[PDB]
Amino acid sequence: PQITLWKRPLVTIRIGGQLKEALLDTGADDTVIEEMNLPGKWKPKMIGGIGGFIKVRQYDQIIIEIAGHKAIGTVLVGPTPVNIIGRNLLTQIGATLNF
């Protein structure tokens, strides 16, 4: 769809079989999801945002449904304030900004 920005662009995702709410976030390079059990191997990594750096678990090649569209790619799991869908997966679902 076309999504206007008067409200937060929140969508439902399915990850590891579980439904969650997530924010479509063009300012995020990477997708970052709150702490959860996720099947797959992972690697320790760190990422930085506006307020500093956090530790995350990097899971590669994770199958995730975003607003009914399929993506398969990297999901960082850790203590983010908000579940965020970043450009690595927005590009997979063909998302663009338009004005």
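Residue positions are given as counts along the sequence shown, with the first one as 1.
Once the C-alpha B-factors are averaged per stretch, 32-40 and 69-77 rank with 32-40 first. When the C-alpha B-factors of 47-55 and 22-30 are averaged, 47-55 comes out higher.
When the modelled residues of the chain are ordered by C-alpha B-factor, residue 15 sits in the middle third. Among the modelled residues of the chain, residue 4 sits in the middle third by CA temperature factor in this PDB entry.
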